[PDB]
Amino acid sequence: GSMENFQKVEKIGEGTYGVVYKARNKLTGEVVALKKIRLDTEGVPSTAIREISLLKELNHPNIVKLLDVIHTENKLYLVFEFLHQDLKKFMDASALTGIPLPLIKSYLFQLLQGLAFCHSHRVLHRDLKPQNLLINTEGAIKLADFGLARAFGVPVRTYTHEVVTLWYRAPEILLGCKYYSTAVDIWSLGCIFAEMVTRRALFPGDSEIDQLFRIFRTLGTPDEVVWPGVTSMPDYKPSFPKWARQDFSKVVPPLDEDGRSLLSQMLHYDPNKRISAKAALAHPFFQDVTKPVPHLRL
Amino acid sequence: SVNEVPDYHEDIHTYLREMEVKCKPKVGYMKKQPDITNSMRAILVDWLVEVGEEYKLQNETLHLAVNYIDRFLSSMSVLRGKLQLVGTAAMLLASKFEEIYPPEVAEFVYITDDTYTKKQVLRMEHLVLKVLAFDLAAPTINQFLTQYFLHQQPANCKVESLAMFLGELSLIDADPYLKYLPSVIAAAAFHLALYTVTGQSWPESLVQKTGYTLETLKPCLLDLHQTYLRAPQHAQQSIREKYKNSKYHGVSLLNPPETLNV
Ligand SMILES: Nc1nccc(-c2c3c(O)ccnc3n3c(N)nccc23)n1
Ligand SMILES: [Mg+2]
């Protein structure tokens with residue numbers, strides 16, 4: 001590519017280092033999303049460098065496809081396959097119906113597939129929230145926005161502490177652990193699972209401490225029994241209130257036994273015991289999974 | 001534990017083994033460079049080691065930069081006065097990919113002793129990205145080493161730091177190390193470090209993981225052993241100085257073995 005072959009249709013989003021347009025290839029008909037990255041005095045943003053290099057390798061049905069990079073002096077365009085909306089807007093549009101269980105189950109299964117593929121290719125996503133999960137009219141859901149992602153090594157080193165939009169942020173990040181790993185993305189997807197079922201955020205804190213306490217009030221304040229080493233973590237305080245763990249059927253009341261089992265394994269405190277995306281695919285919850293079209297017009 | 005990604009380790013290793021072949025520089029490129037030599041490249045890589053020390057960069061970042069340089073020079077003829085510009089843009093790109101806090105671009109201009117302007121560095125950054133097609137997530141010696149380390153019984157810091165030191169020495173000398181893949185240099189570096197420090201050998205568990213044996217590693221090991229023996233005399237000395245530091249357990253002060261008995 002390109003550029004002269006693209007016909008911009010409308011602005012669809014924004015945008016730290018730029019803007020996203022819906023556009024169409026005038027010659028092939030292909031509808032695309034064009035992510036414009038503004039250039040310059042530090043040169044190409046490290047977020048753009050990571051998003052592009054990491055997505056070059058990640059070809060999977062549940063990861064948004066980077067089609068091309070249009071690379072010039074003052075502009076950088078990332079050309080992506082077009083997806084019709086994000087999960088957040090889908091949840092809002094499903095306000096009164098709710099999302100049918102077969103769709104929630106289909107979407108979780110696809111997200112786990114997409115994530116396991118990332119992790120098998122040494123990529124942490126590190127910002128899984130419904131806004132970064134895009135859906136099409138054929139029933140696909142895909143991981144998007146890898147600006148915050150990281151290629152990791154085995155075993156992991158210390159990476160950026162900022163990490164993950166607060167509501168979806170794992171307790172080991174909040175407690176300042178020197179290391180975090182693939183488990184952080186599973187924690188996020190567990191929050192998303194609950195959210196698809198309720199259509200409201202599981203842990204909507206307004207600060208790190210508020211976030212932690214909201215988690216503790218739902219899952220119990222973790223001790224050495226539930227999470228070996230927890231009390232030695234940098235930002236753990238002996239003064240933390242010790243909340244009792246809720247009956248888990250009370251966390252997401254409309255969820256069936258298999259659903260609650262999987263959710264509980266995704267929200268395990270101990271990152272070492274938390275379920276992996278790969279193992280989760282084989283969970284009894286998915287025994288009857290299908291891939292239906294969304295019930296609403298997109 | 002999860003930090004060692006038990007559920008993905010094997011997939012990752014397999015993936016890296018595929019990518020290293022794809023990301024491999026051309027073995028014979030220096031022959032096709034009219035104006036630059038292995039020796040000039042050695043000066044460059046040794047300078048990059050100093051830069052990484054000055055700015056306290058990850059060793060990973062240094063490995064990446066060298067991969068980017070060697071790949072760039074596999075297709076682009078470069079005059080001697082522009083070699084350091086390629087090197088500097090490569091280290092900038094590697095830092096942005098790999099560092100939590102990469103040095104500012106001005107910091108990169110500063111360490112070139114103002115040979116180049118900020119505009120040149122930034123234009124070279126763009127050019128390197130174009131030539132490499134943004135394919136920056138390359139496997140390094142270090143990415144294999146840290147996986148191999150998990151097979152020690154038990155873990156030994158001198159073994160780890162020494163293996164790293166040896167892998168780092170290989171970055172300096174395109175002849176012969178351009179011949180060998182990162183996974184193979186890491187394997188020879190790990191065996192040689194294990195042998196120097198503990199008298200042990202490349203373990204069976206790593207034959208199982210990698211399919212490499214002492215016989216398949218022999219050529220690289222013979223090269224690396226000689227490099228280790230000759231290291232005090234090499235014209236480039238920044239890695240040796242670097243590895244005297246307590247940070248790396250002073251491993252460059254250890255004496256190489258006189259024979260490998262392989
Ligand atoms: N509205 C909005 N805001 C930010 C990003 C995006 C976005 C995106 C993005 O940020 C990264 C990759 N793909 C994206 N994408 C696709 N493929 N289709 C439609 C939208 C979209 N869309
Ligand atoms: Mg030459």
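For ligands, and for the atoms within them, numbers begin at 1 and follow the listed sequence. Just so it is clear: chains get the letters A, B, ... in the order the sequence lines come, proteins before strands, and each one is counted from 1.
- Metal site remark for the Mg ion (ligand 2): B/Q33 contributes an N, O or S atom at a distance under 2.8 Å.
- By the neighbour-count criterion of 12 heavy atoms within 6.0 Å, atom CH2 of B/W47 is densely surrounded, having more than that number from other residues, nucleotides or ligands.
- Using 4.0 Å as the threshold, A/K142 has no heavy atom nearer than that to any atom of ligand 1.
- Relative to the six-membered ring of A/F82, A/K22 meets both conditions, a distance below 6.0 Å and an angle of at most 45° to the axis.
- Numbered from 1 in the order shown, with element, the atoms of ligand 1 that lie under 4.0 Å from a heavy atom of A/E14 read 3 (N).
- With hydrogens left out, the protein atom closest to atom 21 (C) of ligand 1 is A/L134 CD1, 3.5 Å, a heavy atom.
- Summarising the local packing, CG of B/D113 is surrounded by 12 or fewer heavy atoms from other residues, nucleotides or ligands at distances under 6.0 Å.
- Atom CZ of B/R240 sits about 11.5 Å away from atom NE2 of B/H234, to the nearest 0.5 Å.
- The aromatic rings of A/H60 and A/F117 are tilted relative to each other, their planes meeting at an angle between 30° and 60°.
- The N/O atoms of A/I12, backbone and side chain alike, include one that comes under 3.5 Å of an N/O atom in ligand 1.
- Ring geometry for A/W187 versus A/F203: interplanar angle under 30°, hence parallel rather than tilted (30 to 60°).
- For ligand 1, one of its N or O atoms has an N or O atom of A/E81 under 3.5 Å away.
- Between A/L83 and ligand 1, an N or O atom pair is found at a separation short of 3.5 Å.
- The nearest heavy-atom contact from the protein to atom 3 (N) of ligand 1 is A/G13 CA, 3.6 Å.
- Near A/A33, meaning under 4.0 Å from any of its heavy atoms, are these atoms of ligand 1: 15 (N), 16 (C), 17 (N), 18 (N), 19 (C).
- Distance from atom 10 (O) of ligand 1 to its nearest protein heavy atom, with residue and atom name: A/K35 NZ, 3.3 Å.
- A cation-pi contact links A/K8 to A/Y21, judged by a cut-off of 6.0 Å to the six-membered ring centre and 45° from its axis.
- Looking only at protein heavy atoms, the nearest one to atom 6 (C) of ligand 1 is A/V20 CG2, 4.0 Å.
- Looking from atom 11 (C) of ligand 1 to the surrounding protein, the closest heavy atom is A/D145 N, 3.7 Å.
- Summarising the local packing, CZ of A/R157 is surrounded by more than 12 heavy atoms from other residues, nucleotides or ligands at distances under 6.0 Å.
- The Mg ion (ligand 2) has an N, O or S atom of B/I36 inside 2.8 Å of it.
- When the shell of 6.0 Å around CD of A/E10 is examined, it contains more than 12 heavy atoms from other residues, nucleotides or ligands.
- Taking every heavy atom of A/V64 and a limit of under 4.0 angstrom, the matching atoms of ligand 1 come to 13 (N), 17 (N).
- Not a single N/O/S atom of B/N38, whether from backbone or side chain, sits less than 2.8 Å from the Mg ion (ligand 2).
- Remark: the backbone N or O of A/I135 is not paired with any side-chain donor or acceptor of A/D86 at under 3.5 angstrom.
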